[PDB]
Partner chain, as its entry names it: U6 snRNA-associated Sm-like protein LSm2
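A lone chain, given as structure tokens: the form solved without its partner chain.
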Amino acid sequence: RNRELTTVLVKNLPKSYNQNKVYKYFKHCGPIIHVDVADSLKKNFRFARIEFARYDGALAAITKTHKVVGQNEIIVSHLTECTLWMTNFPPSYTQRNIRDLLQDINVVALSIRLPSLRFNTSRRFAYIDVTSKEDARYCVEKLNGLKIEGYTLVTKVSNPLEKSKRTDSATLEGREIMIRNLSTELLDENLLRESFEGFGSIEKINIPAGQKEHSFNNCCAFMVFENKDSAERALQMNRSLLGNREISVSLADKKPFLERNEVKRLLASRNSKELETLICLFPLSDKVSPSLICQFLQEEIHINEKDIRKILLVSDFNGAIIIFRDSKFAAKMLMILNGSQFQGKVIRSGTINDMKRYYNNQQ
């Protein structure tokens, strides 16, 4: 997709102009996907961002430049060089928090867009459209490197082609193997290097701590190769003997896969001791993180942080699982939370099956 290509910026709309009036003014130009309106800094006029379905619609809108709306002469232009990409804001930061950051440095924000957590609960970044290239460069100047709650903010002029390499990229790229069922005697970086370096250059070896120290029967290690072909061929070591131990070798799985399989175990659980310690909250937006939910439980419901064991998203049923420390606390939370308000919307509480039944009814 290319949002920018079909998006235009409108400057100097009348104070009285709302999203609806913007639609009516421009809807003859072509079908519109989205409209945002924002006040100017001093509230004397309004800006609009209009995302058209197709490029021809954006072209048609631009023919309205220097036309008069009310008694305001508007300017319509391609939205370009006005988009920031931001990451590593705190886990509980909201769209409003980001908007307020820019407000503080006197930058008008037209649109702030956050990603779905559906397939990865940890996703955390945002796109922000401002009204000028100057404001965009100013946001980078003031906000890139800003420390917020211990997090060093990243703020960039948006260009996905320039994206940084993630620190976990080796796993994403299929270059990391996991070796399982090593004995403590074999849990030795030198031995692992000697046994695997024939396949290709080894970039890194990671051995989880505490394994020898706790005398584990089976130990694991991870090995990153400089290229994917070496890691693939190293899989031939699966089921091979190292000393007198048959080892397993596989491509390391990634976190979102592992995390989802954990949730699946819960959804399939029939252990009543376990089930009675949890509740589900639904329906919830798929943009809502466990951290945001935790903050809500602590600040609005006055639950203590340590009464909460874990929060897991179940976005396939528009919900989240909250695991508490006992069934009695869970039961009281069931009562308190049902019908409470979260993000301006009423939410329900219930069992896993209640959550599923509610979802099925909406479909």
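Positions refer to the first chain, counted from 1. If you superpose the two forms and keep the largest set of C-alpha atoms that fall within 1.5 Å, you have the rigid core. Residues that one form lacks are left out of the comparison.
Keep in mind that the form solved in complex with its partner chain is missing from the display, and what follows is about it.
Visitor: Counting only non-hydrogen atoms, choose the one of 30-38, 316-324, 331-339, 59-67 that falls within 4.5 Å of its partner chain in the bound PDB entry.
Guide: Stretch with heavy atoms near the partner: 331-339.
Visitor: Consider the chain as shown here, without its partner, and state which of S16, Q343, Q19, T351 has a heavy atom within 4.5 Å of its partner chain in the bound PDB entry.
Guide: None of the others qualify; the residue that does is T351.
Visitor: Only one of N88, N106, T80, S269 shifts by 2 Å or more at CA between this form and the one not shown when the core is aligned; which is it?
Guide: The displaced C-alpha is that of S269.
Visitor: Three or more consecutive residues, each Cα shifted by 2 Å or more between this form and the one not shown after core superposition: list those runs for me in sequence order.
Guide: Runs with every C-alpha shifted by at least 2 Å: 1-5, 261-279, 297-312, 322-337.
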